[PDB]
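The form deposited in one PDB entry is given below as one chain in structure tokens.
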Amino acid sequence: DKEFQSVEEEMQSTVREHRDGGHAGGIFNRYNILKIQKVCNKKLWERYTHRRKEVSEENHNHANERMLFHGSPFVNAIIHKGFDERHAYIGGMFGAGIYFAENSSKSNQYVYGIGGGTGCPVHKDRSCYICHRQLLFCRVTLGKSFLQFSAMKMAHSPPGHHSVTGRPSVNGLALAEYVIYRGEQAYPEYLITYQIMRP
């Protein structure tokens, strides 16, 4: 389908060269996309659309929805139970939120844990070209997004806002990131199974 070619194109075209020289996510310029599955979870979709309507009403009739990537070792729990802010902690750059990227390669750095953890379960390699990885391509409601450049450890969205946008700066994020503080503000629409490819 054209729908899945659109997802593959977003995955491939948003890859960037990372500052860590590939330490966290591995060394690659492209992926080998193995499978793209649309997630159809009615209960999660209804939780998402209900919140999206509330946010839209609080943001001049505009949800400010974006399709963004999410990398996590807990993708299977997310598809079944949804995103859950109770699993987020204050330590992150923008505090206790759920983080998303517009660059697939940035989310890929989080698939095996913080900073890529110890890499794949079988070879303990953050740059494994063999093991199949999974990323989510999500529908995210940003609403009135608070624009921020430096670390700001929050527990919740800033007053009057529905999310935080981390914007690139000098010392300094390299790439954007988007943070929500309510799990119902995102829907895990596509599950992408892939490998990073050796350059």
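Don't overthink the numbering: it's just position in the shown sequence, from 1. Rigid core here is just the name for the largest C-alpha set that superposes within 1.5 Å across the two forms.
There is another form of the same protein, the form deposited in another entry; it is not shown, and what comes next is about it.
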- [ ] Pick out the one residue among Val39, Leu44, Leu173, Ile33 whose C-alpha shifts by 2 Å or more between the shown form and the other one, once the rigid core is superposed.
- [x] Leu173
Open item on the list: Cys120: after superposing the rigid core, is there a C-alpha shift of 2 Å or more between the shown form and the other one?
Closed with: no
Task: Large Cα move at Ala88 between the shown form and the other one, threshold 2 Å, rigid core - done: yes
TODO: Quick one: in that other deposited form, is the Cα gap between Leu173 and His162 smaller or bigger than here? Answer closer or farther; it shifts by 3 Å or more.
DONE: farther
TODO: Quick one: in that other deposited form, is the Cα gap between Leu173 and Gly82 smaller or bigger than here? Answer closer or farther; it shifts by 3 Å or more.
DONE: farther
